[PDB]
Amino acid sequence: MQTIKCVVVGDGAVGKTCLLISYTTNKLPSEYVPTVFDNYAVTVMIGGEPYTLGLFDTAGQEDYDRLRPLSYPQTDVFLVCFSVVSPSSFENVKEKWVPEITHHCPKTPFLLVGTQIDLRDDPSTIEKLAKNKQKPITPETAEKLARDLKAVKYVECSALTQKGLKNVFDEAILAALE
């Protein structure tokens with residue numbers, strides 16, 4: 001019903017910032033991409049939809065320091081992000097972190113996302129990597145692991161695939177209803 005907070009957690013470090021500014025529709029072609037300040041609170045309206053969605057990023061443990069409280073969730077929508085390249089972040093986020101998130105509560109809406117798309121690029125990093133090195137892990141591979149359960153969304157985001165995290169802000173208002 002009211003603005004809701006959301007945080008992004010992934011393997012080690014993911015979509016540090018470029019992800020936070022996704023909706024910003026900055027798109028690589030644009031030099032704009034300040035990372036000096038971490039964003040996680042922005043008020044934007046869509047076609048007459050006044051709401052505010054907070055978004056986190058990298059920060060592995062998202063609390064490297066254990067001293068901090070491990071209880072009292074400050075988010076209602078869990079956003080998992082992994083770089084679309086290197087089965088490392090993919091195999092972990094959806095597998096190793098899933099149980100960590102599940103422990104917090106029985107079941108809750110889960111949005112699936114990725115970072116640095118296919119290696120901060122996709123067109124100049126796929127051909128340069130080598131056809132036999134492309135080893136993509138999103139198209140269907142990602143859908144399988146989501147199906148293993150039942151996330152919510154299914155896409156990526158990286159100064160490009162931010163064709164979702166953009167259309168997400170609007171979906172965020174839907175989460176507030178819950």
# chains A, B, ... in the order shown; residues from 1 in each chain; ligands from 1
>>> residues_around(residues="range 84-95 of chain A", least_positions_apart="2", cutoff="6 Å", atoms="only C-alpha atoms", output="list in words")
residues 10, 11, 82, 97, 98, 114, 117, 118 and 119 of chain A
>>> write_last_selection(atoms="C-alpha atoms", output="PDB file, in the first residue's frame")
ATOM      1  CA  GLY A  10      24.410 -11.576  -4.527  1.00  0.00           C
ATOM      2  CA  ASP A  11      27.649 -13.545  -4.597  1.00  0.00           C
ATOM      3  CA  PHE A  82      24.496 -12.424 -10.044  1.00  0.00           C
ATOM      4  CA  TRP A  97      22.163 -17.732  -0.750  1.00  0.00           C
ATOM      5  CA  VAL A  98      18.667 -19.108  -1.366  1.00  0.00           C
ATOM      6  CA  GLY A 114      21.629 -10.384 -12.777  1.00  0.00           C
ATOM      7  CA  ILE A 117      24.929  -8.448 -17.813  1.00  0.00           C
ATOM      8  CA  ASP A 118      27.082 -10.704 -19.959  1.00  0.00           C
ATOM      9  CA  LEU A 119      30.349  -9.190 -18.764  1.00  0.00           C
TER      10      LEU A 119
END
>>> residues_around(residues="residue 176 in chain A", least_positions_apart="5", cutoff="12 Å", atoms="only C-alpha atoms", output="PDB file with C-alpha atoms, in the first residue's frame")
ATOM      1  CA  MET A   1       0.000   0.000   0.000  1.00  0.00           C
ATOM      2  CA  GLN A   2       2.842   2.363   0.895  1.00  0.00           C
ATOM      3  CA  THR A   3       6.404   2.785  -0.348  1.00  0.00           C
ATOM      4  CA  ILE A   4       8.424  -0.358   0.269  1.00  0.00           C
ATOM      5  CA  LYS A   5      12.126  -1.027   0.779  1.00  0.00           C
ATOM      6  CA  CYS A   6      14.059  -3.523  -1.319  1.00  0.00           C
ATOM      7  CA  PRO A  50       3.638   7.703  -6.616  1.00  0.00           C
ATOM      8  CA  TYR A  51       5.765   5.226  -4.649  1.00  0.00           C
ATOM      9  CA  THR A  52       9.328   4.764  -3.380  1.00  0.00           C
ATOM     10  CA  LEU A  53      11.511   1.670  -3.767  1.00  0.00           C
ATOM     11  CA  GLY A  54      14.855   1.197  -2.020  1.00  0.00           C
ATOM     12  CA  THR A  75      13.433  -5.225   3.364  1.00  0.00           C
ATOM     13  CA  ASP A  76      10.190  -6.833   2.194  1.00  0.00           C
ATOM     14  CA  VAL A  77      11.258  -7.899  -1.299  1.00  0.00           C
ATOM     15  CA  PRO A 109       8.121 -13.096  -3.190  1.00  0.00           C
ATOM     16  CA  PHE A 169      10.097   0.213  -9.821  1.00  0.00           C
ATOM     17  CA  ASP A 170       6.478   0.013 -10.985  1.00  0.00           C
ATOM     18  CA  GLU A 171       6.197  -3.593  -9.800  1.00  0.00           C
TER      19      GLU A 171
END
>>> residues_around(residues="residue 21 in chain A", least_positions_apart="6", cutoff="9 Å", atoms="only C-alpha atoms", output="mmCIF file with N, CA, C and O atoms, in the first residue's frame")
data_model
loop_
_atom_site.group_PDB
_atom_site.id
_atom_site.type_symbol
_atom_site.label_atom_id
_atom_site.label_comp_id
_atom_site.auth_asym_id
_atom_site.auth_seq_id
_atom_site.Cartn_x
_atom_site.Cartn_y
_atom_site.Cartn_z
ATOM 1 N N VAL A 33 27.337 7.648 -14.562
ATOM 2 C CA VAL A 33 27.329 6.412 -13.786
ATOM 3 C C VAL A 33 28.101 6.594 -12.481
ATOM 4 O O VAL A 33 28.977 5.795 -12.153
ATOM 5 N N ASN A 39 23.089 4.255 -3.628
ATOM 6 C CA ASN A 39 21.663 4.564 -3.633
ATOM 7 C C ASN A 39 20.838 3.363 -3.183
ATOM 8 O O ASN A 39 21.171 2.216 -3.479
ATOM 9 N N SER A 158 22.159 -4.484 -16.164
ATOM 10 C CA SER A 158 23.506 -3.997 -16.199
ATOM 11 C C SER A 158 23.630 -2.975 -17.290
ATOM 12 O O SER A 158 23.888 -3.299 -18.450
ATOM 13 N N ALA A 159 23.437 -1.744 -16.886
ATOM 14 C CA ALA A 159 23.502 -0.620 -17.797
ATOM 15 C C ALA A 159 23.042 -1.059 -19.184
ATOM 16 O O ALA A 159 23.505 -0.551 -20.207
ATOM 17 N N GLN A 162 18.778 -3.466 -17.919
ATOM 18 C CA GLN A 162 17.999 -2.645 -17.007
ATOM 19 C C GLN A 162 16.669 -2.339 -17.672
ATOM 20 O O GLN A 162 16.039 -1.312 -17.421
ATOM 21 N N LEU A 165 14.716 -3.951 -14.208
ATOM 22 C CA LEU A 165 14.828 -3.111 -13.016
ATOM 23 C C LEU A 165 14.177 -1.750 -13.246
ATOM 24 O O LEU A 165 13.889 -1.025 -12.298
ATOM 25 N N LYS A 166 13.896 -1.438 -14.506
ATOM 26 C CA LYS A 166 13.216 -0.195 -14.845
ATOM 27 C C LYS A 166 11.725 -0.414 -14.662
ATOM 28 O O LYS A 166 11.039 0.354 -13.988
#
>>> closest_residue(among="A:71, A:46, A:115, A:178", to="residue 103 in chain A", atoms="only C-alpha atoms")
A:71
>>> atom_distance(atom1="CA of residue 56 in chain A", atom2="CA of residue 40 in chain A")
5.3 Å
>>> decode(residues="range 70-86 of chain A", atoms="N, CA, C and O atoms", output="mmCIF file, in the first residue's frame")
data_model
loop_
_atom_site.group_PDB
_atom_site.id
_atom_site.type_symbol
_atom_site.label_atom_id
_atom_site.label_comp_id
_atom_site.auth_asym_id
_atom_site.auth_seq_id
_atom_site.Cartn_x
_atom_site.Cartn_y
_atom_site.Cartn_z
ATOM 1 N N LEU A 70 21.562 -9.519 13.558
ATOM 2 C CA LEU A 70 21.221 -10.459 12.495
ATOM 3 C C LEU A 70 19.705 -10.605 12.372
ATOM 4 O O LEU A 70 19.212 -11.381 11.554
ATOM 5 N N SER A 71 18.973 -9.864 13.198
ATOM 6 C CA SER A 71 17.516 -9.928 13.183
ATOM 7 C C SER A 71 16.907 -8.560 12.891
ATOM 8 O O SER A 71 17.547 -7.531 13.101
ATOM 9 N N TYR A 72 15.666 -8.569 12.404
ATOM 10 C CA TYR A 72 14.951 -7.335 12.080
ATOM 11 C C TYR A 72 15.178 -6.939 10.623
ATOM 12 O O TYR A 72 15.869 -5.965 10.332
ATOM 13 N N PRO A 73 14.602 -7.677 9.714
ATOM 14 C CA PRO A 73 14.732 -7.404 8.254
ATOM 15 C C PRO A 73 14.277 -5.991 7.900
ATOM 16 O O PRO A 73 13.220 -5.540 8.341
ATOM 17 N N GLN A 74 15.079 -5.298 7.099
ATOM 18 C CA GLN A 74 14.747 -3.937 6.691
ATOM 19 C C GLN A 74 14.247 -3.928 5.249
ATOM 20 O O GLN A 74 14.156 -2.877 4.616
ATOM 21 N N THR A 75 13.923 -5.108 4.732
ATOM 22 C CA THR A 75 13.433 -5.225 3.364
ATOM 23 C C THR A 75 12.248 -6.184 3.299
ATOM 24 O O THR A 75 12.147 -7.109 4.105
ATOM 25 N N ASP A 76 11.353 -5.966 2.338
ATOM 26 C CA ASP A 76 10.190 -6.833 2.194
ATOM 27 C C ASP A 76 10.274 -7.649 0.907
ATOM 28 O O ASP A 76 9.612 -8.678 0.771
ATOM 29 N N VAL A 77 11.096 -7.191 -0.032
ATOM 30 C CA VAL A 77 11.258 -7.899 -1.299
ATOM 31 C C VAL A 77 12.721 -8.272 -1.509
ATOM 32 O O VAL A 77 13.595 -7.405 -1.515
ATOM 33 N N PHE A 78 12.990 -9.567 -1.637
ATOM 34 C CA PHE A 78 14.362 -10.027 -1.796
ATOM 35 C C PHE A 78 14.784 -10.032 -3.257
ATOM 36 O O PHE A 78 14.173 -10.697 -4.093
ATOM 37 N N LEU A 79 15.851 -9.295 -3.547
ATOM 38 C CA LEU A 79 16.374 -9.227 -4.902
ATOM 39 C C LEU A 79 17.730 -9.914 -4.972
ATOM 40 O O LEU A 79 18.702 -9.450 -4.379
ATOM 41 N N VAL A 80 17.793 -11.014 -5.710
ATOM 42 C CA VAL A 80 19.045 -11.741 -5.856
ATOM 43 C C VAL A 80 19.700 -11.351 -7.173
ATOM 44 O O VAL A 80 19.053 -11.364 -8.219
ATOM 45 N N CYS A 81 20.975 -10.980 -7.118
ATOM 46 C CA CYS A 81 21.673 -10.565 -8.326
ATOM 47 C C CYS A 81 23.007 -11.286 -8.493
ATOM 48 O O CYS A 81 23.788 -11.426 -7.547
ATOM 49 N N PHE A 82 23.259 -11.730 -9.718
ATOM 50 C CA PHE A 82 24.496 -12.424 -10.044
ATOM 51 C C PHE A 82 24.957 -12.007 -11.435
ATOM 52 O O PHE A 82 24.136 -11.780 -12.322
ATOM 53 N N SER A 83 26.265 -11.913 -11.634
ATOM 54 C CA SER A 83 26.779 -11.531 -12.941
ATOM 55 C C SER A 83 26.453 -12.635 -13.944
ATOM 56 O O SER A 83 26.659 -13.816 -13.665
ATOM 57 N N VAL A 84 25.889 -12.250 -15.084
ATOM 58 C CA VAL A 84 25.475 -13.232 -16.090
ATOM 59 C C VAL A 84 26.640 -14.027 -16.676
ATOM 60 O O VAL A 84 26.431 -14.847 -17.576
ATOM 61 N N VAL A 85 27.860 -13.828 -16.180
ATOM 62 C CA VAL A 85 28.997 -14.576 -16.696
ATOM 63 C C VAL A 85 29.775 -15.186 -15.537
ATOM 64 O O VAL A 85 29.876 -14.586 -14.467
ATOM 65 N N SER A 86 30.307 -16.386 -15.746
ATOM 66 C CA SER A 86 31.056 -17.065 -14.696
ATOM 67 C C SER A 86 30.091 -17.799 -13.763
ATOM 68 O O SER A 86 29.584 -17.217 -12.805
#
